[PDB]
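Before any comments, here is the structure.
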Amino acid sequence: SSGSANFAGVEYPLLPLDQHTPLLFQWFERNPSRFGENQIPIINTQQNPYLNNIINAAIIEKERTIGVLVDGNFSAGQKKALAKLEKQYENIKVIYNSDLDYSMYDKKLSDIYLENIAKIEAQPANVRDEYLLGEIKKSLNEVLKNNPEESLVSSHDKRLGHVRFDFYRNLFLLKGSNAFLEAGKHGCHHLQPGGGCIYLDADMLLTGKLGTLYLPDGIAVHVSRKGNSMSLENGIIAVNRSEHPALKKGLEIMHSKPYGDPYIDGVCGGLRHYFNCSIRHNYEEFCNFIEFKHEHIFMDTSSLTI
């Protein structure tokens, strides 16, 4: 009707993401004091021109809502500089991660561990992952001794680096367009409840308008190529609707797997399970099928050398 894509002998209609689908960037800052007290607390060096890349995307995509999901202990002057950025660029909306409610996606760690202890103990002795069982029982024991109410959100809230960025990235994309409405962003043009979202890594340069994308069941992700290898990546995630069943599958894996990774399980696991890229299927074929491709998305050049 408007396109079709094939993977593992199943046809998937290309669903449109209209030119109003918001863009999303993420900046979670551990050390905001490294920036001036009156500076936008986003990295903007010639090695990492992230603030420039966000602005350049907002300049190109005039009609489209541009989200910047931020977190960290920003000074009063750094929040005013972020407030001023939303004024210089009408389509830029700064969303503080602390202003969103993720409790509907949460689960208690004690519930996950008990489920898995019961699942593993039902198995016969000749198939039981005896190392994993001991580790889970150990993880449960530390929860009951230190923080018996610890959940996926509270535990991920304490982690450092990418694992906490990746965790909230998945949950924001499950909210989709609703997240801008929940955060009380005014003047979001054509932004609909139940609407999708397009996450972009800040090291990527938009050089032209995306227009309308056509993606298999309304989802696609970045596929990175390094040397002669390719890999599913979370550097780009495009969904045409809130609560996309492939990301919902990724969350269900987080709710059942004892040490679920937001990237490996929440995105790669969710996608693979959803489209039946089983272990007996061609990973390379799935990458070509699910890959987000657009002529106006440019890979970071600053990385490169001889």
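Letters for chains follow the order of the structure tokens (A, B, ...), residue numbers begin at 1 for each chain, and ligand numbers begin at 1 in the order shown.
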Contact residues around range 157-162 of chain A with only C-alpha atoms at 10 Å, ignoring same-chain residues under 4 positions, as a list in words
residues 28, 29, 30, 151, 152, 153, 166, 167, 168, 262 and 263 of chain A
Export, as a tab-separated table (two decimals), in the first residue's frame, the selected residues with N, CA, C and O atoms.
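out_11.tsv, freshly written:
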```
chain	number	residue	atom	x	y	z
A	28	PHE	N	23.40	13.40	29.30
A	28	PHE	CA	23.47	13.12	30.76
A	28	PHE	C	24.88	13.48	31.21
A	28	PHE	O	25.83	12.84	30.77
A	29	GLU	N	25.00	14.51	32.03
A	29	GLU	CA	26.30	15.07	32.45
A	29	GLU	C	26.58	14.61	33.89
A	29	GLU	O	25.77	14.90	34.77
A	30	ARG	N	27.71	13.95	34.09
A	30	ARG	CA	28.16	13.47	35.42
A	30	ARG	C	28.78	14.63	36.19
A	30	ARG	O	28.49	14.77	37.39
A	151	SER	N	14.76	-1.55	42.59
A	151	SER	CA	14.09	-1.84	41.31
A	151	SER	C	15.04	-1.57	40.14
A	151	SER	O	16.15	-1.00	40.34
A	152	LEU	N	14.60	-1.95	38.95
A	152	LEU	CA	15.34	-1.67	37.71
A	152	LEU	C	15.68	-0.18	37.63
A	152	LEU	O	16.81	0.16	37.27
A	153	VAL	N	14.73	0.68	37.95
A	153	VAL	CA	14.94	2.15	37.83
A	153	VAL	C	15.94	2.61	38.90
A	153	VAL	O	16.91	3.28	38.53
A	166	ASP	N	21.48	4.53	28.25
A	166	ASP	CA	20.77	3.55	27.39
A	166	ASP	C	19.44	3.16	28.03
A	166	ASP	O	18.45	2.93	27.29
A	167	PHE	N	19.42	3.03	29.35
A	167	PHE	CA	18.21	2.59	30.10
A	167	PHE	C	17.10	3.61	29.91
A	167	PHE	O	15.99	3.25	29.47
A	168	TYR	N	17.40	4.88	30.16
A	168	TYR	CA	16.38	5.95	30.06
A	168	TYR	C	16.03	6.24	28.61
A	168	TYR	O	14.88	6.67	28.36
A	262	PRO	N	20.34	-2.72	28.92
A	262	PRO	CA	19.45	-1.89	28.12
A	262	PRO	C	19.77	-1.90	26.63
A	262	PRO	O	18.86	-1.78	25.82
A	263	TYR	N	21.04	-2.04	26.27
A	263	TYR	CA	21.48	-2.05	24.86
A	263	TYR	C	21.33	-3.45	24.26
A	263	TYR	O	20.56	-3.61	23.28
```
Separation of CA of residue 270 in chain A from CA of residue 300 in chain A, in Å and rounded to one decimal:
26.8 Å
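The space between CA of residue 44 in chain A and CA of residue 304 in chain A spans 17.9 Å.
Nearest residue to residue 39 in chain A among A:194, A:77, A:216, A:235 is A:77, counting only C-alpha atoms.
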What does the distance between CA of residue 289 in chain A and CA of residue 219 in chain A come to in Å, to one decimal place?
10.6 Å
Just the helix (DSSP H, G or I) stuff from range 110-152 of chain A, please, per backbone DSSP, written as number ranges by chain.
A: 110-122, 130-146, 152
Spatial neighbours of range 63-76 of chain A, max dist 7 Å, only C-alpha atoms, sep filter under 2 positions, as a list in words
residues 19, 20, 21, 22, 23, 24, 25, 26, 27, 28, 29, 30, 32, 37, 58, 61, 78, 79, 80, 91, 92, 93, 94, 95, 96, 97, 188 and 189 of chain A
Write the residues you've just listed into a file as an mmCIF file, in the first residue's frame, and include N, CA, C and O atoms for each of them.
```cif
data_model
loop_
_atom_site.group_PDB
_atom_site.id
_atom_site.type_symbol
_atom_site.label_atom_id
_atom_site.label_comp_id
_atom_site.auth_asym_id
_atom_site.auth_seq_id
_atom_site.Cartn_x
_atom_site.Cartn_y
_atom_site.Cartn_z
ATOM 1 N N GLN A 19 6.853 14.039 8.815
ATOM 2 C CA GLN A 19 7.919 15.061 8.926
ATOM 3 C C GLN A 19 7.788 15.864 10.228
ATOM 4 O O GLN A 19 8.599 16.775 10.433
ATOM 5 N N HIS A 20 6.786 15.519 11.049
ATOM 6 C CA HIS A 20 6.553 16.181 12.361
ATOM 7 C C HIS A 20 7.051 15.299 13.517
ATOM 8 O O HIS A 20 7.122 15.811 14.650
ATOM 9 N N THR A 21 7.367 14.026 13.245
ATOM 10 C CA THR A 21 7.929 13.131 14.271
ATOM 11 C C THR A 21 9.089 13.875 14.943
ATOM 12 O O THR A 21 10.016 14.354 14.292
ATOM 13 N N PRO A 22 9.067 14.046 16.280
ATOM 14 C CA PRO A 22 10.158 14.763 16.933
ATOM 15 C C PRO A 22 11.514 14.039 16.833
ATOM 16 O O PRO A 22 11.552 12.841 16.729
ATOM 17 N N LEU A 23 12.587 14.813 16.826
ATOM 18 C CA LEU A 23 13.976 14.346 17.022
ATOM 19 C C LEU A 23 14.325 14.379 18.505
ATOM 20 O O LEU A 23 13.857 15.271 19.249
ATOM 21 N N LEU A 24 15.171 13.444 18.923
ATOM 22 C CA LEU A 24 15.587 13.380 20.337
ATOM 23 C C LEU A 24 17.092 13.231 20.399
ATOM 24 O O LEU A 24 17.608 12.299 19.760
ATOM 25 N N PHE A 25 17.728 14.131 21.149
ATOM 26 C CA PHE A 25 19.133 14.038 21.602
ATOM 27 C C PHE A 25 19.122 13.829 23.110
ATOM 28 O O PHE A 25 18.118 14.170 23.779
ATOM 29 N N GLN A 26 20.217 13.264 23.624
ATOM 30 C CA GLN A 26 20.396 12.927 25.052
ATOM 31 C C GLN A 26 21.720 13.500 25.551
ATOM 32 O O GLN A 26 22.736 13.241 24.945
ATOM 33 N N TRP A 27 21.706 14.268 26.625
ATOM 34 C CA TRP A 27 22.957 14.681 27.289
ATOM 35 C C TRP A 27 22.811 14.475 28.788
ATOM 36 O O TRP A 27 22.170 15.313 29.450
ATOM 37 N N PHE A 28 23.396 13.401 29.301
ATOM 38 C CA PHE A 28 23.468 13.123 30.756
ATOM 39 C C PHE A 28 24.878 13.476 31.212
ATOM 40 O O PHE A 28 25.832 12.841 30.767
ATOM 41 N N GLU A 29 24.997 14.511 32.026
ATOM 42 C CA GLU A 29 26.300 15.066 32.455
ATOM 43 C C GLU A 29 26.578 14.615 33.886
ATOM 44 O O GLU A 29 25.767 14.901 34.768
ATOM 45 N N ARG A 30 27.706 13.954 34.089
ATOM 46 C CA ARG A 30 28.160 13.468 35.416
ATOM 47 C C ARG A 30 28.785 14.634 36.189
ATOM 48 O O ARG A 30 28.492 14.772 37.386
ATOM 49 N N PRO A 32 28.906 18.516 35.777
ATOM 50 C CA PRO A 32 28.517 19.784 35.164
ATOM 51 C C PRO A 32 29.457 20.949 35.520
ATOM 52 O O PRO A 32 29.507 21.921 34.788
ATOM 53 N N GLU A 37 29.680 28.363 34.926
ATOM 54 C CA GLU A 37 28.412 28.449 35.696
ATOM 55 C C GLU A 37 27.296 29.077 34.850
ATOM 56 O O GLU A 37 26.131 28.954 35.242
ATOM 57 N N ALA A 58 18.434 21.535 14.445
ATOM 58 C CA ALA A 58 17.267 22.400 14.720
ATOM 59 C C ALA A 58 17.134 23.466 13.618
ATOM 60 O O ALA A 58 15.991 23.781 13.248
ATOM 61 N N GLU A 61 15.795 21.457 10.411
ATOM 62 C CA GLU A 61 14.430 20.929 10.620
ATOM 63 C C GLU A 61 13.630 21.993 11.380
ATOM 64 O O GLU A 61 13.432 21.843 12.587
ATOM 65 N N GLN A 78 23.473 27.442 34.671
ATOM 66 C CA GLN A 78 23.524 26.479 33.544
ATOM 67 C C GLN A 78 22.096 26.120 33.117
ATOM 68 O O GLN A 78 21.881 25.929 31.914
ATOM 69 N N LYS A 79 21.145 26.079 34.051
ATOM 70 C CA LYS A 79 19.722 25.816 33.719
ATOM 71 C C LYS A 79 19.146 27.019 32.966
ATOM 72 O O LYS A 79 18.291 26.786 32.070
ATOM 73 N N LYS A 80 19.565 28.244 33.316
ATOM 74 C CA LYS A 80 19.095 29.469 32.618
ATOM 75 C C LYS A 80 19.661 29.478 31.198
ATOM 76 O O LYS A 80 18.944 29.911 30.287
ATOM 77 N N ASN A 91 12.008 25.474 18.222
ATOM 78 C CA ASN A 91 11.706 24.025 18.064
ATOM 79 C C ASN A 91 12.552 23.171 19.027
ATOM 80 O O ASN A 91 12.288 21.971 19.128
ATOM 81 N N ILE A 92 13.528 23.753 19.727
ATOM 82 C CA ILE A 92 14.309 23.020 20.759
ATOM 83 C C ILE A 92 13.546 23.012 22.087
ATOM 84 O O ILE A 92 13.212 24.081 22.615
ATOM 85 N N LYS A 93 13.290 21.806 22.600
ATOM 86 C CA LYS A 93 12.652 21.577 23.914
ATOM 87 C C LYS A 93 13.639 20.832 24.805
ATOM 88 O O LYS A 93 14.019 19.704 24.479
ATOM 89 N N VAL A 94 14.058 21.458 25.893
ATOM 90 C CA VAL A 94 14.938 20.816 26.898
ATOM 91 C C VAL A 94 14.045 20.097 27.910
ATOM 92 O O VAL A 94 13.230 20.754 28.576
ATOM 93 N N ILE A 95 14.185 18.779 28.000
ATOM 94 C CA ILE A 95 13.425 17.945 28.968
ATOM 95 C C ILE A 95 14.414 17.419 29.993
ATOM 96 O O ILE A 95 15.374 16.730 29.600
ATOM 97 N N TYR A 96 14.167 17.713 31.262
ATOM 98 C CA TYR A 96 14.917 17.143 32.409
ATOM 99 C C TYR A 96 14.367 15.742 32.671
ATOM 100 O O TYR A 96 13.143 15.622 32.822
ATOM 101 N N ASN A 97 15.243 14.728 32.668
ATOM 102 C CA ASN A 97 14.873 13.316 32.901
ATOM 103 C C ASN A 97 14.129 13.182 34.237
ATOM 104 O O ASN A 97 13.198 12.357 34.305
ATOM 105 N N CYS A 188 4.487 22.509 20.794
ATOM 106 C CA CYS A 188 4.946 21.343 19.990
ATOM 107 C C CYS A 188 3.983 21.118 18.825
ATOM 108 O O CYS A 188 2.903 20.551 19.031
ATOM 109 N N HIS A 189 4.415 21.565 17.648
ATOM 110 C CA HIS A 189 3.642 21.605 16.382
ATOM 111 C C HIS A 189 3.376 20.184 15.881
ATOM 112 O O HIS A 189 4.335 19.442 15.604
#
```
Write out as a Markdown table a residue-level contact list of range 176-292 of chain A versus range 106-116 of chain A with cut-off 12 Å: for each qualifying residue the closest pair of atoms and the distance in Å to one decimal, counting only C-alpha atoms, rows sorted by chain and residue number upward.
```
| residue | atom | partner | partner_atom | distance |
| --- | --- | --- | --- | --- |
| A:251 | CA | A:106 | CA | 9.3 |
| A:252 | CA | A:107 | CA | 10.3 |
| A:253 | CA | A:112 | CA | 10.6 |
| A:254 | CA | A:112 | CA | 9.0 |
| A:255 | CA | A:112 | CA | 6.5 |
| A:256 | CA | A:112 | CA | 6.0 |
| A:257 | CA | A:112 | CA | 7.3 |
| A:258 | CA | A:113 | CA | 6.2 |
| A:259 | CA | A:112 | CA | 9.4 |
| A:260 | CA | A:112 | CA | 10.4 |
```
How would the residues just chosen look if you wrote them out with N, CA, C and O atoms as a CSV table (one decimal), in the first residue's frame?
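Produced file out31.csv, reproduced below:
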```csv
chain,number,residue,atom,x,y,z
A,251,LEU,N,11.8,-4.4,26.8
A,251,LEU,CA,11.5,-4.2,28.3
A,251,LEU,C,11.1,-5.5,28.9
A,251,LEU,O,11.5,-5.8,30.1
A,252,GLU,N,10.3,-6.3,28.3
A,252,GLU,CA,9.9,-7.6,28.8
A,252,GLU,C,11.1,-8.5,29.1
A,252,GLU,O,11.1,-9.3,30.1
A,253,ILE,N,12.1,-8.4,28.2
A,253,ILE,CA,13.4,-9.2,28.5
A,253,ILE,C,14.1,-8.6,29.7
A,253,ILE,O,14.6,-9.4,30.6
A,254,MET,N,14.0,-7.3,29.9
A,254,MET,CA,14.6,-6.6,31.1
A,254,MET,C,13.9,-7.1,32.4
A,254,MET,O,14.5,-7.1,33.4
A,255,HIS,N,12.6,-7.4,32.3
A,255,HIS,CA,11.7,-7.8,33.4
A,255,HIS,C,11.9,-9.3,33.7
A,255,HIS,O,11.5,-9.7,34.9
A,256,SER,N,12.5,-10.1,32.8
A,256,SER,CA,12.6,-11.6,33.0
A,256,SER,C,14.1,-12.0,33.1
A,256,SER,O,14.3,-13.0,33.8
A,257,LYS,N,15.0,-11.3,32.6
A,257,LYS,CA,16.5,-11.7,32.5
A,257,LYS,C,17.2,-11.0,33.7
A,257,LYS,O,17.0,-9.9,34.0
A,258,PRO,N,17.9,-11.8,34.5
A,258,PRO,CA,18.5,-11.4,35.8
A,258,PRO,C,19.5,-10.2,35.7
A,258,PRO,O,19.4,-9.3,36.5
A,259,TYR,N,20.3,-10.1,34.6
A,259,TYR,CA,21.2,-9.0,34.5
A,259,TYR,C,21.1,-8.4,33.1
A,259,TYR,O,22.1,-8.1,32.4
A,260,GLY,N,19.8,-8.1,32.7
A,260,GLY,CA,19.4,-7.5,31.4
A,260,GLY,C,20.2,-6.2,31.2
A,260,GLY,O,20.2,-5.3,32.1
```
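Neighbours of residue 13 in chain A closer than or equal to 12 Å, with only C-alpha atoms counted and sequence neighbours fewer than 6 positions away skipped, come out as residues 1, 2, 3, 4, 5, 6, 7, 214, 215, 216, 217, 218 and 219 of chain A.
Minimum atom-to-atom distance to residue 101 in chain A, evaluated using only C-alpha atoms, belongs to A:175 out of A:294, A:175, A:84, A:169.
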Residue 271 in chain A surroundings by only C-alpha atoms, 10 Å radius, close-in-sequence under 3 positions cut, as a PyMOL selection string:
chain A and resi 219-221+232+245-250+265-268+274-277+286+290
Range 16-263 of chain A: which residues are strand (DSSP E) by DSSP, as a PDB file with N, CA and C atoms, in the first residue's frame?
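The resulting file, out_23.pdb, is shown below:
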```
ATOM      1  N   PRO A  16       4.895   4.869   7.670  1.00  0.00           N
ATOM      2  CA  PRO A  16       5.467   6.210   7.601  1.00  0.00           C
ATOM      3  C   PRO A  16       5.710   6.862   8.966  1.00  0.00           C
ATOM      4  N   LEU A  17       6.802   7.605   9.088  1.00  0.00           N
ATOM      5  CA  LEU A  17       7.040   8.526  10.220  1.00  0.00           C
ATOM      6  C   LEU A  17       6.992   9.936   9.634  1.00  0.00           C
ATOM      7  N   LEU A  23      12.587  14.813  16.826  1.00  0.00           N
ATOM      8  CA  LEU A  23      13.976  14.346  17.022  1.00  0.00           C
ATOM      9  C   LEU A  23      14.325  14.379  18.505  1.00  0.00           C
ATOM     10  N   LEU A  24      15.171  13.444  18.923  1.00  0.00           N
ATOM     11  CA  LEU A  24      15.587  13.380  20.337  1.00  0.00           C
ATOM     12  C   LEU A  24      17.092  13.231  20.399  1.00  0.00           C
ATOM     13  N   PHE A  25      17.728  14.131  21.149  1.00  0.00           N
ATOM     14  CA  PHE A  25      19.133  14.038  21.602  1.00  0.00           C
ATOM     15  C   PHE A  25      19.122  13.829  23.110  1.00  0.00           C
ATOM     16  N   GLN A  26      20.217  13.264  23.624  1.00  0.00           N
ATOM     17  CA  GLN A  26      20.396  12.927  25.052  1.00  0.00           C
ATOM     18  C   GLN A  26      21.720  13.500  25.551  1.00  0.00           C
ATOM     19  N   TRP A  27      21.706  14.268  26.625  1.00  0.00           N
ATOM     20  CA  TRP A  27      22.957  14.681  27.289  1.00  0.00           C
ATOM     21  C   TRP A  27      22.811  14.475  28.788  1.00  0.00           C
ATOM     22  N   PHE A  28      23.396  13.401  29.301  1.00  0.00           N
ATOM     23  CA  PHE A  28      23.468  13.123  30.756  1.00  0.00           C
ATOM     24  C   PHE A  28      24.878  13.476  31.212  1.00  0.00           C
ATOM     25  N   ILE A  66      12.475  19.449  18.309  1.00  0.00           N
ATOM     26  CA  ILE A  66      13.804  18.887  18.626  1.00  0.00           C
ATOM     27  C   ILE A  66      13.909  18.754  20.145  1.00  0.00           C
ATOM     28  N   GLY A  67      13.910  17.519  20.637  1.00  0.00           N
ATOM     29  CA  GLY A  67      14.040  17.197  22.067  1.00  0.00           C
ATOM     30  C   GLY A  67      15.498  17.059  22.478  1.00  0.00           C
ATOM     31  N   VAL A  68      15.853  17.629  23.627  1.00  0.00           N
ATOM     32  CA  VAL A  68      17.150  17.365  24.301  1.00  0.00           C
ATOM     33  C   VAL A  68      16.841  16.860  25.708  1.00  0.00           C
ATOM     34  N   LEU A  69      16.956  15.541  25.913  1.00  0.00           N
ATOM     35  CA  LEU A  69      16.733  14.910  27.236  1.00  0.00           C
ATOM     36  C   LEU A  69      18.016  15.068  28.057  1.00  0.00           C
ATOM     37  N   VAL A  70      17.963  15.865  29.121  1.00  0.00           N
ATOM     38  CA  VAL A  70      19.160  16.171  29.952  1.00  0.00           C
ATOM     39  C   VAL A  70      18.971  15.589  31.353  1.00  0.00           C
ATOM     40  N   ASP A  71      20.092  15.368  32.032  1.00  0.00           N
ATOM     41  CA  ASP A  71      20.118  14.955  33.452  1.00  0.00           C
ATOM     42  C   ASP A  71      21.451  15.375  34.056  1.00  0.00           C
ATOM     43  N   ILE A  92      13.528  23.753  19.727  1.00  0.00           N
ATOM     44  CA  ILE A  92      14.309  23.020  20.759  1.00  0.00           C
ATOM     45  C   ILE A  92      13.546  23.012  22.087  1.00  0.00           C
ATOM     46  N   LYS A  93      13.290  21.806  22.600  1.00  0.00           N
ATOM     47  CA  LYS A  93      12.652  21.577  23.914  1.00  0.00           C
ATOM     48  C   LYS A  93      13.639  20.832  24.805  1.00  0.00           C
ATOM     49  N   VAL A  94      14.058  21.458  25.893  1.00  0.00           N
ATOM     50  CA  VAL A  94      14.938  20.816  26.898  1.00  0.00           C
ATOM     51  C   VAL A  94      14.045  20.097  27.910  1.00  0.00           C
ATOM     52  N   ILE A  95      14.185  18.779  28.000  1.00  0.00           N
ATOM     53  CA  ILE A  95      13.425  17.945  28.968  1.00  0.00           C
ATOM     54  C   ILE A  95      14.414  17.419  29.993  1.00  0.00           C
ATOM     55  N   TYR A  96      14.167  17.713  31.262  1.00  0.00           N
ATOM     56  CA  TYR A  96      14.917  17.143  32.409  1.00  0.00           C
ATOM     57  C   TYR A  96      14.367  15.742  32.671  1.00  0.00           C
ATOM     58  N   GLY A 195       2.198   9.342  19.381  1.00  0.00           N
ATOM     59  CA  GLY A 195       3.174   9.572  18.304  1.00  0.00           C
ATOM     60  C   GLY A 195       4.536   8.966  18.594  1.00  0.00           C
ATOM     61  N   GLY A 196       5.317   8.794  17.531  1.00  0.00           N
ATOM     62  CA  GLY A 196       6.676   8.241  17.604  1.00  0.00           C
ATOM     63  C   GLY A 196       7.731   9.292  17.940  1.00  0.00           C
ATOM     64  N   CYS A 197       8.982   8.960  17.640  1.00  0.00           N
ATOM     65  CA  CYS A 197      10.171   9.755  18.017  1.00  0.00           C
ATOM     66  C   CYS A 197      11.365   9.194  17.246  1.00  0.00           C
ATOM     67  N   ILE A 198      12.366  10.028  16.985  1.00  0.00           N
ATOM     68  CA  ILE A 198      13.614   9.590  16.318  1.00  0.00           C
ATOM     69  C   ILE A 198      14.774   9.995  17.210  1.00  0.00           C
ATOM     70  N   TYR A 199      15.410   9.021  17.866  1.00  0.00           N
ATOM     71  CA  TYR A 199      16.637   9.297  18.661  1.00  0.00           C
ATOM     72  C   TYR A 199      17.835   9.376  17.712  1.00  0.00           C
ATOM     73  N   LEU A 200      18.692  10.363  17.903  1.00  0.00           N
ATOM     74  CA  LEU A 200      19.980  10.502  17.181  1.00  0.00           C
ATOM     75  C   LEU A 200      21.105  10.746  18.182  1.00  0.00           C
ATOM     76  N   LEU A 205      25.711  14.290  12.396  1.00  0.00           N
ATOM     77  CA  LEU A 205      25.366  15.595  11.807  1.00  0.00           C
ATOM     78  C   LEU A 205      24.212  15.376  10.840  1.00  0.00           C
ATOM     79  N   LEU A 206      23.094  16.031  11.089  1.00  0.00           N
ATOM     80  CA  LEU A 206      22.008  16.150  10.089  1.00  0.00           C
ATOM     81  C   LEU A 206      22.363  17.277   9.116  1.00  0.00           C
ATOM     82  N   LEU A 213       9.952   9.184   6.737  1.00  0.00           N
ATOM     83  CA  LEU A 213      10.680   7.899   6.675  1.00  0.00           C
ATOM     84  C   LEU A 213       9.655   6.782   6.523  1.00  0.00           C
ATOM     85  N   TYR A 214      10.056   5.693   5.892  1.00  0.00           N
ATOM     86  CA  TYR A 214       9.218   4.484   5.720  1.00  0.00           C
ATOM     87  C   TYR A 214      10.001   3.287   6.257  1.00  0.00           C
ATOM     88  N   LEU A 215       9.609   2.773   7.417  1.00  0.00           N
ATOM     89  CA  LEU A 215      10.376   1.753   8.170  1.00  0.00           C
ATOM     90  C   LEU A 215       9.530   0.516   8.411  1.00  0.00           C
ATOM     91  N   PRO A 216      10.151  -0.681   8.437  1.00  0.00           N
ATOM     92  CA  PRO A 216       9.385  -1.921   8.581  1.00  0.00           C
ATOM     93  C   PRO A 216       8.710  -1.957   9.960  1.00  0.00           C
ATOM     94  N   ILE A 219       9.766   0.815  12.652  1.00  0.00           N
ATOM     95  CA  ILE A 219      11.003   0.873  13.485  1.00  0.00           C
ATOM     96  C   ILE A 219      12.237   0.634  12.623  1.00  0.00           C
ATOM     97  N   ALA A 220      13.325   1.300  12.978  1.00  0.00           N
ATOM     98  CA  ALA A 220      14.658   1.050  12.403  1.00  0.00           C
ATOM     99  C   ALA A 220      15.693   1.506  13.420  1.00  0.00           C
ATOM    100  N   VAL A 221      16.885   0.918  13.361  1.00  0.00           N
ATOM    101  CA  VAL A 221      17.999   1.312  14.272  1.00  0.00           C
ATOM    102  C   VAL A 221      19.264   1.492  13.451  1.00  0.00           C
ATOM    103  N   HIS A 222      20.228   2.165  14.046  1.00  0.00           N
ATOM    104  CA  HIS A 222      21.579   2.319  13.474  1.00  0.00           C
ATOM    105  C   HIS A 222      22.245   0.955  13.364  1.00  0.00           C
ATOM    106  N   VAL A 223      22.957   0.760  12.267  1.00  0.00           N
ATOM    107  CA  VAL A 223      23.839  -0.412  12.075  1.00  0.00           C
ATOM    108  C   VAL A 223      25.223   0.144  11.816  1.00  0.00           C
ATOM    109  N   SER A 224      26.127  -0.013  12.767  1.00  0.00           N
ATOM    110  CA  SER A 224      27.502   0.522  12.644  1.00  0.00           C
ATOM    111  C   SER A 224      28.339  -0.488  11.871  1.00  0.00           C
ATOM    112  N   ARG A 225      29.260   0.032  11.084  1.00  0.00           N
ATOM    113  CA  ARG A 225      30.279  -0.747  10.368  1.00  0.00           C
ATOM    114  C   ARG A 225      31.644  -0.295  10.881  1.00  0.00           C
ATOM    115  N   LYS A 226      32.401  -1.245  11.412  1.00  0.00           N
ATOM    116  CA  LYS A 226      33.785  -1.037  11.895  1.00  0.00           C
ATOM    117  C   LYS A 226      34.658  -2.116  11.264  1.00  0.00           C
ATOM    118  N   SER A 229      33.121  -5.472   9.920  1.00  0.00           N
ATOM    119  CA  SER A 229      32.060  -5.962  10.826  1.00  0.00           C
ATOM    120  C   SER A 229      30.902  -4.982  10.813  1.00  0.00           C
ATOM    121  N   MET A 230      29.731  -5.505  11.116  1.00  0.00           N
ATOM    122  CA  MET A 230      28.532  -4.695  11.341  1.00  0.00           C
ATOM    123  C   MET A 230      27.892  -5.146  12.654  1.00  0.00           C
ATOM    124  N   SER A 231      27.139  -4.243  13.262  1.00  0.00           N
ATOM    125  CA  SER A 231      26.534  -4.468  14.589  1.00  0.00           C
ATOM    126  C   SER A 231      25.278  -3.614  14.741  1.00  0.00           C
ATOM    127  N   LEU A 232      24.195  -4.188  15.254  1.00  0.00           N
ATOM    128  CA  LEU A 232      23.025  -3.396  15.705  1.00  0.00           C
ATOM    129  C   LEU A 232      23.513  -2.383  16.750  1.00  0.00           C
ATOM    130  N   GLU A 233      23.080  -1.138  16.642  1.00  0.00           N
ATOM    131  CA  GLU A 233      23.494  -0.041  17.557  1.00  0.00           C
ATOM    132  C   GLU A 233      22.262   0.737  18.019  1.00  0.00           C
ATOM    133  N   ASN A 234      22.390   1.436  19.138  1.00  0.00           N
ATOM    134  CA  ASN A 234      21.319   2.313  19.663  1.00  0.00           C
ATOM    135  C   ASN A 234      21.666   3.785  19.414  1.00  0.00           C
ATOM    136  N   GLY A 235      22.644   4.075  18.553  1.00  0.00           N
ATOM    137  CA  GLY A 235      23.017   5.446  18.150  1.00  0.00           C
ATOM    138  C   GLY A 235      21.909   6.138  17.366  1.00  0.00           C
ATOM    139  N   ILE A 236      21.088   5.367  16.658  1.00  0.00           N
ATOM    140  CA  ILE A 236      19.839   5.878  16.043  1.00  0.00           C
ATOM    141  C   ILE A 236      18.731   4.881  16.370  1.00  0.00           C
ATOM    142  N   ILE A 237      17.613   5.379  16.900  1.00  0.00           N
ATOM    143  CA  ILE A 237      16.372   4.578  17.089  1.00  0.00           C
ATOM    144  C   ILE A 237      15.188   5.408  16.597  1.00  0.00           C
ATOM    145  N   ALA A 238      14.482   4.899  15.599  1.00  0.00           N
ATOM    146  CA  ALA A 238      13.307   5.575  15.019  1.00  0.00           C
ATOM    147  C   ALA A 238      12.091   4.683  15.239  1.00  0.00           C
ATOM    148  N   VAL A 239      11.077   5.207  15.929  1.00  0.00           N
ATOM    149  CA  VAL A 239       9.778   4.502  16.112  1.00  0.00           C
ATOM    150  C   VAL A 239       8.653   5.416  15.628  1.00  0.00           C
ATOM    151  N   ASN A 240       7.644   4.832  15.006  1.00  0.00           N
ATOM    152  CA  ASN A 240       6.512   5.601  14.429  1.00  0.00           C
ATOM    153  C   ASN A 240       5.383   5.802  15.452  1.00  0.00           C
ATOM    154  N   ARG A 241       5.460   5.179  16.623  1.00  0.00           N
ATOM    155  CA  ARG A 241       4.394   5.248  17.635  1.00  0.00           C
ATOM    156  C   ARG A 241       4.993   4.995  19.018  1.00  0.00           C
TER     157      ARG A 241
END
```
